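Asker: start_21.cif is reproduced in full below (mmCIF, C-alpha atoms and all ligand atoms).
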data_structure
#
loop_
_atom_site.label_atom_id
_atom_site.label_comp_id
_atom_site.auth_asym_id
_atom_site.auth_seq_id
_atom_site.Cartn_x
_atom_site.Cartn_y
_atom_site.Cartn_z
CA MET O 1 0.00 0.00 0.00
CA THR O 2 1.52 3.27 -1.20
CA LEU O 3 0.33 6.81 -0.43
CA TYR O 4 1.35 9.62 -2.72
CA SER O 5 1.45 12.60 -0.40
CA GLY O 6 2.35 16.28 -0.38
CA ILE O 7 4.45 17.25 2.62
CA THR O 8 2.31 20.30 3.41
CA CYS O 9 -0.96 19.02 1.99
CA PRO O 10 -3.81 18.90 4.54
CA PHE O 11 -5.66 16.27 2.47
CA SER O 12 -2.60 14.02 2.42
CA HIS O 13 -2.22 14.70 6.14
CA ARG O 14 -5.68 13.11 6.72
CA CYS O 15 -4.56 9.89 5.02
CA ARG O 16 -1.20 9.81 6.87
CA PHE O 17 -3.12 10.20 10.12
CA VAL O 18 -5.37 7.21 9.30
CA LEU O 19 -2.43 5.07 8.21
CA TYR O 20 -0.59 5.62 11.47
CA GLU O 21 -3.75 5.03 13.51
CA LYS O 22 -4.11 1.59 11.83
CA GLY O 23 -0.46 0.78 12.31
CA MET O 24 -0.05 -1.51 9.25
CA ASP O 25 2.70 -1.57 6.64
CA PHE O 26 2.61 1.20 4.08
CA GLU O 27 4.93 3.36 2.08
CA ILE O 28 4.73 7.14 1.64
CA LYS O 29 5.94 8.71 -1.61
CA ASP O 30 6.39 12.45 -1.39
CA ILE O 31 5.13 14.45 -4.35
CA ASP O 32 6.20 18.07 -4.80
CA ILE O 33 3.02 19.74 -5.95
CA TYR O 34 5.17 22.33 -7.79
CA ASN O 35 6.87 19.56 -9.79
CA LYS O 36 4.40 16.76 -10.23
CA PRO O 37 5.38 13.57 -12.00
CA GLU O 38 3.40 12.77 -15.15
CA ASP O 39 2.14 9.57 -13.60
CA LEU O 40 0.15 11.58 -11.02
CA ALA O 41 -2.32 12.57 -13.74
CA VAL O 42 -2.58 8.96 -14.97
CA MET O 43 -3.54 7.84 -11.42
CA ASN O 44 -5.77 10.81 -10.70
CA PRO O 45 -7.46 12.80 -13.49
CA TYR O 46 -7.50 15.81 -11.18
CA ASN O 47 -3.69 15.65 -10.92
CA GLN O 48 -3.65 16.07 -7.12
CA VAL O 49 -2.41 14.35 -4.01
CA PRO O 50 -3.24 12.27 -2.12
CA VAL O 51 -3.47 9.06 -4.17
CA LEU O 52 -3.45 5.57 -2.67
CA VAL O 53 -2.25 2.56 -4.65
CA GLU O 54 -2.59 -1.00 -3.48
CA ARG O 55 -1.89 -3.59 -6.16
CA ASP O 56 -4.37 -2.88 -8.98
CA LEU O 57 -6.49 -0.52 -6.88
CA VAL O 58 -5.94 3.21 -7.41
CA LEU O 59 -7.93 5.73 -5.31
CA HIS O 60 -7.90 9.51 -4.99
CA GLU O 61 -10.00 11.85 -2.84
CA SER O 62 -8.76 11.80 0.74
CA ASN O 63 -12.02 10.90 2.45
CA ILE O 64 -12.64 8.02 -0.02
CA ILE O 65 -9.07 6.71 0.50
CA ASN O 66 -9.72 6.87 4.24
CA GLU O 67 -13.02 4.93 3.97
CA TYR O 68 -11.15 2.28 2.08
CA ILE O 69 -8.38 2.10 4.65
CA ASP O 70 -10.93 1.82 7.46
CA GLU O 71 -12.65 -1.09 5.73
CA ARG O 72 -9.43 -2.74 4.53
CA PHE O 73 -7.77 -2.81 8.00
CA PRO O 74 -10.84 -3.21 10.21
CA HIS O 75 -9.21 -2.89 13.58
CA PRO O 76 -9.15 -0.47 15.24
CA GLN O 77 -12.48 0.76 13.78
CA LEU O 78 -12.49 4.46 12.93
CA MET O 79 -16.27 4.58 12.54
CA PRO O 80 -19.19 3.70 14.86
CA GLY O 81 -21.05 0.47 14.08
CA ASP O 82 -24.48 2.00 14.33
CA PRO O 83 -25.93 2.87 10.89
CA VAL O 84 -27.49 5.97 12.48
CA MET O 85 -24.23 7.37 13.80
CA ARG O 86 -22.47 6.41 10.56
CA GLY O 87 -25.02 8.32 8.53
CA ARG O 88 -24.83 11.34 10.77
CA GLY O 89 -21.01 11.20 10.51
CA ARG O 90 -20.99 10.87 6.74
CA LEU O 91 -23.20 13.94 6.56
CA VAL O 92 -20.89 15.86 8.89
CA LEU O 93 -17.98 14.90 6.55
CA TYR O 94 -19.92 16.08 3.51
CA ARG O 95 -20.78 19.41 5.14
CA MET O 96 -17.14 19.94 6.20
CA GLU O 97 -16.05 19.34 2.60
CA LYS O 98 -18.57 21.79 1.24
CA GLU O 99 -18.37 24.51 3.96
CA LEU O 100 -14.80 24.34 5.38
CA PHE O 101 -12.48 22.46 3.06
CA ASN O 102 -13.62 24.37 -0.01
CA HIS O 103 -12.05 27.40 1.72
CA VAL O 104 -8.96 25.35 2.61
CA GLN O 105 -8.48 24.68 -1.11
CA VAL O 106 -8.53 28.42 -1.78
CA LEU O 107 -5.86 29.03 0.91
CA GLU O 108 -3.81 26.22 -0.64
CA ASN O 109 -4.07 27.58 -4.17
CA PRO O 110 -0.95 29.67 -4.97
CA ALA O 111 -2.91 31.24 -7.83
CA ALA O 112 -5.85 32.44 -5.75
CA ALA O 113 -6.29 36.19 -5.28
CA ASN O 114 -5.42 37.84 -1.97
CA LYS O 115 -9.05 38.94 -1.74
CA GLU O 116 -10.28 35.37 -2.29
CA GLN O 117 -7.90 34.07 0.35
CA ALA O 118 -9.01 36.71 2.85
CA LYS O 119 -12.66 35.66 2.34
CA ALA O 120 -11.67 32.00 2.78
CA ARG O 121 -9.75 32.67 5.99
CA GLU O 122 -12.70 34.63 7.33
CA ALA O 123 -15.17 31.90 6.43
CA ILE O 124 -13.12 29.22 8.12
CA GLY O 125 -12.89 31.20 11.35
CA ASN O 126 -16.61 31.89 11.32
CA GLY O 127 -17.49 28.28 10.48
CA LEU O 128 -15.27 26.77 13.14
CA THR O 129 -16.55 29.28 15.73
CA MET O 130 -20.10 28.23 15.04
CA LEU O 131 -19.22 24.54 15.17
CA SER O 132 -17.39 24.87 18.48
CA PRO O 133 -20.40 24.21 20.79
CA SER O 134 -21.49 21.03 18.97
CA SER O 135 -18.66 15.74 23.64
CA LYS O 136 -14.99 14.59 23.78
CA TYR O 137 -14.82 13.99 20.03
CA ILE O 138 -16.92 15.27 17.14
CA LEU O 139 -19.38 12.32 17.06
CA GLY O 140 -19.44 11.62 20.77
CA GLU O 141 -17.19 10.05 23.31
CA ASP O 142 -15.28 7.98 20.69
CA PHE O 143 -12.54 9.16 18.31
CA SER O 144 -13.54 8.67 14.68
CA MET O 145 -12.73 9.27 11.04
CA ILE O 146 -14.65 12.51 11.37
CA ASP O 147 -11.99 13.78 13.78
CA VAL O 148 -9.35 12.59 11.36
CA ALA O 149 -10.83 14.57 8.46
CA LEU O 150 -10.94 17.84 10.44
CA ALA O 151 -7.59 17.55 12.28
CA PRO O 152 -5.28 18.90 9.49
CA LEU O 153 -7.30 22.11 9.34
CA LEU O 154 -7.16 22.64 13.07
CA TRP O 155 -3.40 21.98 13.01
CA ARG O 156 -3.10 24.78 10.42
CA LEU O 157 -5.06 27.56 12.13
CA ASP O 158 -1.88 29.53 12.93
CA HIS O 159 -0.38 28.77 9.48
CA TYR O 160 -3.58 30.03 7.80
CA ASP O 161 -3.84 33.05 10.14
CA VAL O 162 -7.35 31.97 11.11
CA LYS O 163 -8.64 33.80 14.15
CA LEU O 164 -11.49 32.20 16.18
CA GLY O 165 -13.92 33.82 18.59
CA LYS O 166 -13.23 33.48 22.33
CA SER O 167 -16.35 31.29 22.42
CA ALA O 168 -14.38 28.70 20.48
CA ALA O 169 -12.15 27.79 23.42
CA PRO O 170 -13.83 24.33 23.57
CA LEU O 171 -12.88 23.62 19.95
CA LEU O 172 -9.26 24.55 20.70
CA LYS O 173 -9.12 22.29 23.78
CA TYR O 174 -10.52 19.49 21.61
CA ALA O 175 -7.90 20.18 18.93
CA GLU O 176 -5.13 19.81 21.56
CA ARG O 177 -6.50 16.38 22.53
CA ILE O 178 -6.38 15.24 18.90
CA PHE O 179 -2.84 16.56 18.47
CA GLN O 180 -1.63 14.61 21.52
CA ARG O 181 -2.54 11.32 19.87
CA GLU O 182 0.56 9.24 19.14
CA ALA O 183 -0.50 8.61 15.52
CA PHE O 184 -1.20 12.26 14.94
CA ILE O 185 2.35 13.12 15.88
CA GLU O 186 3.72 10.23 13.79
CA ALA O 187 1.77 11.42 10.78
CA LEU O 188 3.20 14.97 10.76
CA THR O 189 5.87 15.68 8.24
CA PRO O 190 8.85 17.89 9.28
CA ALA O 191 7.29 20.68 7.26
CA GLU O 192 3.98 20.34 9.14
CA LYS O 193 5.84 20.33 12.45
CA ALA O 194 7.12 23.80 11.45
CA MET O 195 3.48 25.06 11.38
CA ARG O 196 3.04 25.14 15.18
CA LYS O 197 4.29 23.68 18.46
CA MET B 1 -38.98 6.50 7.70
CA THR B 2 -40.10 9.50 5.65
CA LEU B 3 -38.60 10.78 2.39
CA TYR B 4 -39.21 14.36 1.37
CA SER B 5 -39.13 14.18 -2.40
CA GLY B 6 -39.64 16.36 -5.46
CA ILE B 7 -41.79 14.69 -8.09
CA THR B 8 -39.40 15.58 -10.92
CA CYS B 9 -36.20 15.66 -8.89
CA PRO B 10 -33.52 13.23 -10.11
CA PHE B 11 -31.84 13.22 -6.68
CA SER B 12 -35.10 12.29 -4.98
CA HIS B 13 -35.60 9.69 -7.70
CA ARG B 14 -32.36 7.95 -6.57
CA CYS B 15 -33.72 7.61 -3.02
CA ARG B 16 -37.15 6.40 -4.20
CA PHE B 17 -35.38 3.78 -6.29
CA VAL B 18 -33.40 2.51 -3.27
CA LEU B 19 -36.48 2.47 -1.05
CA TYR B 20 -38.43 0.32 -3.48
CA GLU B 21 -35.46 -2.00 -4.01
CA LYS B 22 -35.36 -2.64 -0.22
CA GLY B 23 -39.09 -3.12 -0.03
CA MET B 24 -39.58 -1.90 3.58
CA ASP B 25 -42.18 0.47 4.99
CA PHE B 26 -41.67 4.13 4.23
CA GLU B 27 -43.65 7.23 3.50
CA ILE B 28 -43.04 9.73 0.69
CA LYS B 29 -43.91 13.40 1.23
CA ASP B 30 -44.00 15.40 -1.96
CA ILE B 31 -42.39 18.83 -1.82
CA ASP B 32 -43.06 21.37 -4.56
CA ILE B 33 -39.66 22.95 -5.09
CA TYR B 34 -41.44 26.14 -6.24
CA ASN B 35 -43.31 26.35 -2.92
CA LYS B 36 -41.12 24.86 -0.26
CA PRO B 37 -42.32 24.58 3.32
CA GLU B 38 -40.27 26.49 5.89
CA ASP B 39 -39.42 23.26 7.67
CA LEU B 40 -37.38 22.11 4.64
CA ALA B 41 -34.68 24.64 5.54
CA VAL B 42 -34.72 23.55 9.20
CA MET B 43 -34.07 19.93 8.11
CA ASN B 44 -31.59 20.81 5.39
CA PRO B 45 -29.57 24.05 5.48
CA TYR B 46 -29.34 23.89 1.69
CA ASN B 47 -33.15 23.97 1.47
CA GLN B 48 -33.36 21.12 -1.07
CA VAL B 49 -34.92 17.73 -1.53
CA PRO B 50 -34.40 14.92 -0.89
CA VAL B 51 -34.39 14.73 2.92
CA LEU B 52 -34.85 11.51 4.89
CA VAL B 53 -36.24 11.52 8.42
CA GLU B 54 -36.33 8.50 10.66
CA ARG B 55 -37.14 9.27 14.28
CA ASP B 56 -34.47 11.72 15.47
CA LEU B 57 -32.23 11.15 12.44
CA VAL B 58 -32.37 13.77 9.68
CA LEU B 59 -30.25 13.30 6.52
CA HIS B 60 -29.91 15.20 3.26
CA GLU B 61 -27.70 14.58 0.22
CA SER B 62 -29.13 11.76 -1.88
CA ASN B 63 -26.07 9.53 -1.96
CA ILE B 64 -25.61 9.82 1.85
CA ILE B 65 -29.32 9.01 2.42
CA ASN B 66 -28.85 5.99 0.17
CA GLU B 67 -25.76 4.77 2.08
CA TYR B 68 -27.78 4.98 5.22
CA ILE B 69 -30.69 3.07 3.74
CA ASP B 70 -28.34 0.36 2.48
CA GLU B 71 -26.83 -0.07 5.94
CA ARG B 72 -30.13 0.29 7.81
CA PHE B 73 -31.96 -2.41 5.77
CA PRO B 74 -29.07 -4.74 4.98
CA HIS B 75 -30.84 -7.14 2.68
CA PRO B 76 -30.74 -7.10 -0.25
CA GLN B 77 -27.23 -5.55 -0.24
CA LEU B 78 -26.80 -2.74 -2.75
CA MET B 79 -23.01 -2.73 -2.43
CA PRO B 80 -20.32 -5.43 -2.90
CA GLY B 81 -18.76 -6.82 0.28
CA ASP B 82 -15.21 -6.50 -0.93
CA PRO B 83 -13.50 -3.35 0.42
CA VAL B 84 -11.73 -3.03 -2.94
CA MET B 85 -14.89 -2.97 -5.01
CA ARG B 86 -16.56 -0.71 -2.45
CA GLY B 87 -13.73 1.77 -2.69
CA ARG B 88 -13.73 1.70 -6.46
CA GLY B 89 -17.52 2.22 -6.39
CA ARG B 90 -17.38 5.10 -3.95
CA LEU B 91 -14.86 6.78 -6.23
CA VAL B 92 -17.09 6.21 -9.26
CA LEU B 93 -19.95 7.87 -7.27
CA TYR B 94 -17.74 10.83 -6.37
CA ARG B 95 -16.64 11.31 -9.98
CA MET B 96 -20.26 11.12 -11.22
CA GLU B 97 -21.21 13.82 -8.71
CA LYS B 98 -18.39 16.07 -9.79
CA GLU B 99 -18.46 15.44 -13.57
CA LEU B 100 -22.09 14.54 -14.45
CA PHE B 101 -24.47 15.59 -11.70
CA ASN B 102 -22.98 19.07 -11.42
CA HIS B 103 -24.32 19.55 -14.96
CA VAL B 104 -27.65 17.97 -13.97
CA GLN B 105 -28.00 20.66 -11.30
CA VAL B 106 -27.54 23.34 -13.96
CA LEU B 107 -30.26 21.77 -16.15
CA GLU B 108 -32.51 21.64 -13.07
CA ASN B 109 -31.92 25.25 -12.12
CA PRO B 110 -34.77 27.43 -13.53
CA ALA B 111 -32.52 30.45 -13.05
CA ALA B 112 -29.58 29.14 -15.07
CA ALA B 113 -28.79 30.86 -18.38
CA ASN B 114 -29.65 29.20 -21.67
CA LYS B 115 -25.95 29.28 -22.51
CA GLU B 116 -25.06 27.55 -19.23
CA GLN B 117 -27.70 24.90 -19.82
CA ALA B 118 -26.45 24.26 -23.36
CA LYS B 119 -22.91 23.71 -22.02
CA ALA B 120 -24.29 21.36 -19.34
CA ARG B 121 -26.30 19.33 -21.85
CA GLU B 122 -23.24 19.05 -24.07
CA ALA B 123 -21.02 17.98 -21.19
CA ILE B 124 -23.41 15.27 -20.10
CA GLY B 125 -23.61 13.80 -23.59
CA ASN B 126 -19.84 13.84 -23.94
CA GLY B 127 -19.28 12.38 -20.47
CA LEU B 128 -21.78 9.57 -20.89
CA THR B 129 -20.40 8.77 -24.36
CA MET B 130 -16.94 8.36 -22.93
CA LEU B 131 -18.19 6.24 -20.05
CA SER B 132 -20.16 3.92 -22.32
CA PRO B 133 -17.36 1.35 -22.96
CA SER B 134 -16.49 0.90 -19.26
CA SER B 135 -20.09 -5.63 -17.81
CA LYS B 136 -23.86 -6.03 -17.15
CA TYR B 137 -23.89 -3.30 -14.50
CA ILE B 138 -21.52 -0.43 -13.76
CA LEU B 139 -19.38 -2.30 -11.18
CA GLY B 140 -19.58 -5.73 -12.75
CA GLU B 141 -22.11 -8.46 -13.06
CA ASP B 142 -24.08 -7.33 -9.97
CA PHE B 143 -26.56 -4.43 -9.69
CA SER B 144 -25.43 -1.86 -7.14
CA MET B 145 -25.97 1.53 -5.57
CA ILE B 146 -23.76 2.91 -8.29
CA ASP B 147 -26.39 1.95 -10.86
CA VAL B 148 -29.02 3.50 -8.63
CA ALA B 149 -27.19 6.85 -8.48
CA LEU B 150 -26.86 7.10 -12.29
CA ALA B 151 -30.31 5.78 -13.29
CA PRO B 152 -32.31 9.06 -12.90
CA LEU B 153 -29.98 10.81 -15.31
CA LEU B 154 -30.26 8.08 -17.92
CA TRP B 155 -34.06 8.13 -17.54
CA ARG B 156 -33.94 11.88 -18.34
CA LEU B 157 -31.79 11.88 -21.49
CA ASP B 158 -34.79 12.68 -23.72
CA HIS B 159 -36.18 15.20 -21.18
CA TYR B 160 -32.79 16.96 -21.07
CA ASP B 161 -32.35 16.76 -24.87
CA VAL B 162 -29.02 15.00 -24.37
CA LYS B 163 -27.71 13.43 -27.55
CA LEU B 164 -25.16 10.58 -27.27
CA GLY B 165 -22.70 9.30 -29.85
CA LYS B 166 -23.62 6.13 -31.77
CA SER B 167 -20.74 4.49 -29.88
CA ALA B 168 -22.86 4.78 -26.75
CA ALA B 169 -25.33 2.10 -27.83
CA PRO B 170 -24.01 -0.17 -25.01
CA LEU B 171 -24.84 2.46 -22.39
CA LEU B 172 -28.39 2.76 -23.77
CA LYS B 173 -28.91 -1.03 -23.72
CA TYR B 174 -27.69 -1.00 -20.11
CA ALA B 175 -30.08 1.83 -19.26
CA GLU B 176 -33.01 -0.25 -20.63
CA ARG B 177 -32.05 -3.13 -18.32
CA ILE B 178 -32.09 -0.82 -15.30
CA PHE B 179 -35.45 0.65 -16.31
CA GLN B 180 -37.01 -2.82 -16.56
CA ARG B 181 -36.36 -3.46 -12.88
CA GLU B 182 -39.61 -3.74 -10.92
CA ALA B 183 -38.43 -1.25 -8.26
CA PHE B 184 -37.33 1.23 -10.86
CA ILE B 185 -40.82 1.32 -12.29
CA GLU B 186 -42.36 1.50 -8.80
CA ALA B 187 -40.14 4.44 -7.93
CA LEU B 188 -41.21 6.62 -10.88
CA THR B 189 -43.66 9.36 -10.14
CA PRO B 190 -46.45 10.08 -12.70
CA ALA B 191 -44.51 13.16 -13.72
CA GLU B 192 -41.36 11.11 -14.35
CA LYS B 193 -43.37 8.59 -16.36
CA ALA B 194 -44.24 11.51 -18.67
CA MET B 195 -40.49 11.92 -19.46
CA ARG B 196 -40.25 8.83 -21.71
CA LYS B 197 -41.81 5.45 -22.48
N1 LIG O 201 -10.60 16.82 -2.80
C1 LIG O 201 -9.15 16.45 -2.70
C2 LIG O 201 -8.27 17.69 -2.57
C3 LIG O 201 -6.77 17.39 -2.71
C4 LIG O 201 -5.99 18.67 -2.93
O1 LIG O 201 -6.49 19.77 -2.94
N2 LIG O 201 -4.63 18.44 -3.06
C5 LIG O 201 -3.76 19.58 -3.32
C6 LIG O 201 -2.64 19.76 -2.34
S1 LIG O 201 -3.17 19.93 -0.66
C7 LIG O 201 -3.12 19.33 -4.66
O2 LIG O 201 -2.70 18.27 -5.09
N3 LIG O 201 -2.89 20.55 -5.42
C8 LIG O 201 -2.28 20.51 -6.74
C9 LIG O 201 -3.29 21.03 -7.71
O3 LIG O 201 -4.52 21.28 -7.45
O4 LIG O 201 -2.86 21.21 -8.87
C10 LIG O 201 -8.96 15.46 -1.61
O5 LIG O 201 -9.70 15.55 -0.61
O6 LIG O 201 -8.06 14.59 -1.70
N1 LIG O 202 -26.60 17.33 -3.81
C1 LIG O 202 -28.08 17.18 -3.65
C2 LIG O 202 -28.84 17.87 -4.78
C3 LIG O 202 -30.35 17.97 -4.53
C4 LIG O 202 -30.98 18.96 -5.49
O1 LIG O 202 -30.37 19.55 -6.35
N2 LIG O 202 -32.35 19.07 -5.30
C5 LIG O 202 -33.09 20.02 -6.13
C6 LIG O 202 -34.23 19.44 -6.89
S1 LIG O 202 -33.78 18.12 -7.98
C7 LIG O 202 -33.68 21.03 -5.18
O2 LIG O 202 -34.18 20.82 -4.08
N3 LIG O 202 -33.74 22.37 -5.75
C8 LIG O 202 -34.28 23.48 -4.98
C9 LIG O 202 -33.17 24.47 -4.79
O3 LIG O 202 -31.94 24.28 -5.08
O4 LIG O 202 -33.52 25.56 -4.28
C10 LIG O 202 -28.43 15.74 -3.48
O5 LIG O 202 -27.74 14.91 -4.09
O6 LIG O 202 -29.41 15.41 -2.77
CA CA O 203 0.00 32.79 11.91
CA CA O 204 -5.61 24.28 19.95
CA CA O 205 -36.28 15.56 -25.88
CA CA O 206 -31.99 3.58 -23.31
#
Rewrite the structure of this file - the entire thing - as structure tokens.
Answerer:
Amino acid sequence: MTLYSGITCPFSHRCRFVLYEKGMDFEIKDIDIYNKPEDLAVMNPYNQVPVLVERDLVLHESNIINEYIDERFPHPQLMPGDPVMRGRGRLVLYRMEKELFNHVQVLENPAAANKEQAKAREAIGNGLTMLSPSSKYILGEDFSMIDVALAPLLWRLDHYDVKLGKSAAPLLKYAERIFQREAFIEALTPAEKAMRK
Amino acid sequence: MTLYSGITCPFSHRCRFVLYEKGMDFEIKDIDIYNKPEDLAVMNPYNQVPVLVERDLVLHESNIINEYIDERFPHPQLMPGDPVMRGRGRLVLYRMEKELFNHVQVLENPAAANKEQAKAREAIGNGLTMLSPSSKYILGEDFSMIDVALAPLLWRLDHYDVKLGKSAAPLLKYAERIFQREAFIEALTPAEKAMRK
């Protein structure tokens, strides 16, 4: 199992986090997004990282790669068993993609306008502030893939110059609990370690 | 279990198709998208159909509702068991959402420009034509949720005035097999029956 990963890419960071939580054998191949190999576009028509390859299986889209990993290496389970909680969690993932990570892509785009990036930074702070009230982990008292998907953004709040309301103290205490997890620390690249303490 | 559904909505059509394939008890509530009730926006911040409600669970986003239904009423299974085929299928679903159903939303938007709708219609024909070569059903010899997600678009090719290449004959023969399924026919509203024979 091989992950093609960008060393500062938050979407690759999600997949690295899952891989270290499962603890199985895998290889990471670093891709410089400023100098992509031609085979990246053969694996992924969007020409982005992350990509996962295992034998004849090729996946892109970080949350889809992570679903696969969770099913492929069952234990420890990164999702609840209950179809109700799984559905609620999948919807939380979808809304984070559409309402938070769309802005993350703008901040990650070297070609985006300063004005666009300012709007994105603002929207992320506002979104996270509103989410802060809504348990130990996002779905309840158990760590899940939903926490995994959000963690690279919370790691990057200083990097992105995102400012949260004082009401968001609970979200920041939560983020510190995620960042203390052994696999979270293992998953950080040296470049991501440079983003905060 | 209650589905809030638009009578001509292809995304609602996907969920109706799943519900009739599972054969369990459910209720359909028809929502006129031109006269939405205020409670639609309380259930779904995007103020769209479909929405599924079951007790305290509220879901929107058709493919997420359908995942839930598949897990909630296990038999008959609408996905393969193999994590590899499930991952491949989830990626096919994601690419259909991003490359086909984005154009479907434009064709469904009364406010979209004629020029925008012409581009969407063109892109759907081109996309489907290219997909036509890539088995009895989309994932192989077994009917799946992936077939369910695509079927409302194929039902609507005449309605949308989408013209396919002659090379896409295999896709059209496939579409006829889907439309012969008992639950497909059960799932059609009278308005959708008016869209083709
Ligand atoms: N929806 C994708 C987003 C991946 C993405 O945005 N990757 C960025 C780096 S963090 C990338 O490869 N950028 C190069 C590009 O867009 O050309 C996912 O979740 O995997
Ligand atoms: N991504 C949604 C799309 C649903 C959608 O586009 N629904 C349309 C009708 S087919 C709707 O409610 N339109 C009203 C609106 O956008 O205001 C899903 O898959 O459920
Ligand atoms: Ca900073
Ligand atoms: Ca913090
Ligand atoms: Ca026609
Ligand atoms: Ca046909």
Asker: Find the residues of chain O in contact range of chain B, meaning any atom within 6 Å when counting only C-alpha atoms, and list them as a count of residues only.
Answerer: 5
Asker: What is the CA of residue 197 in chain B-CA of residue 175 in chain B distance in Å, reported with one decimal?
Answerer: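 Calculated distance between CA of residue 197 in chain B and CA of residue 175 in chain B is 12.7 Å.
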Asker: Which residues are close to residue 5 in chain O, i.e. within 9 Å by all atoms listed in the file, leaving aside same-chain residues fewer than 3 positions away? Reply as a ChimeraX atom specification.
Answerer: /O:8-9,11-13,15-16,28-32,49-52
Asker: Report as a list in words all protein, DNA and RNA residues lying within 7 Å of residue 17 in chain O, evaluated on all atoms listed in the file, omitting residues in the same chain fewer than 2 positions from it.
Answerer: residues 13, 14, 15, 19, 20, 21, 148, 183, 184 and 187 of chain O
Asker: Please give the centre and size of the box around ligand LIG 201 (chain O) (axis-aligned, containing every atom listed in the file, 4 Å added per side), with values in Å to one decimal and written as AutoDock Vina command-line options.
Answerer:
--center_x -6.4 --center_y 17.9 --center_z -4.7 --size_x 16.3 --size_y 14.7 --size_z 16.3
Asker: What does the distance from atom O2 of ligand LIG 202 (chain O) to CA of residue 26 in chain B come to in Å, to one decimal?
Answerer: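 The value is 20.1 Å.
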Asker: Hey, what's within 12 Å of residue 120 in chain O if we count all atoms listed in the file and toss same-chain stuff fewer than 6 positions away? As a PyMOL selection string, please?
Answerer: chain O and resi 99-109+112-114+126-127+160-163
Asker: Please produce a file of the residues just selected, as a PDB file, in the frame of the given file, where the atoms kept are C-alpha atoms.
Answerer:
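Listing of result_10.pdb after writing:
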ATOM      1  CA  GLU O  99     -18.370  24.510   3.960  1.00  0.00           C
ATOM      2  CA  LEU O 100     -14.800  24.340   5.380  1.00  0.00           C
ATOM      3  CA  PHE O 101     -12.480  22.460   3.060  1.00  0.00           C
ATOM      4  CA  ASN O 102     -13.620  24.370  -0.010  1.00  0.00           C
ATOM      5  CA  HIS O 103     -12.050  27.400   1.720  1.00  0.00           C
ATOM      6  CA  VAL O 104      -8.960  25.350   2.610  1.00  0.00           C
ATOM      7  CA  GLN O 105      -8.480  24.680  -1.110  1.00  0.00           C
ATOM      8  CA  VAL O 106      -8.530  28.420  -1.780  1.00  0.00           C
ATOM      9  CA  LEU O 107      -5.860  29.030   0.910  1.00  0.00           C
ATOM     10  CA  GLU O 108      -3.810  26.220  -0.640  1.00  0.00           C
ATOM     11  CA  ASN O 109      -4.070  27.580  -4.170  1.00  0.00           C
ATOM     12  CA  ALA O 112      -5.850  32.440  -5.750  1.00  0.00           C
ATOM     13  CA  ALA O 113      -6.290  36.190  -5.280  1.00  0.00           C
ATOM     14  CA  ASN O 114      -5.420  37.840  -1.970  1.00  0.00           C
ATOM     15  CA  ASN O 126     -16.610  31.890  11.320  1.00  0.00           C
ATOM     16  CA  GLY O 127     -17.490  28.280  10.480  1.00  0.00           C
ATOM     17  CA  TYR O 160      -3.580  30.030   7.800  1.00  0.00           C
ATOM     18  CA  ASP O 161      -3.840  33.050  10.140  1.00  0.00           C
ATOM     19  CA  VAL O 162      -7.350  31.970  11.110  1.00  0.00           C
ATOM     20  CA  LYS O 163      -8.640  33.800  14.150  1.00  0.00           C
TER      21      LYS O 163
END
Asker: Quote the spacing between CA of residue 1 in chain O and CA of residue 39 in chain O in Å to one decimal place.
Answerer: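 Distance between the two atoms: 16.8 Å.
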Asker: Taking all atoms listed in the file into account, list the residues no farther than 12 Å from ligand CA 206 (chain O), as a ChimeraX atom specification.
Answerer: /B:132,151-158,162-164,168-180,196-197
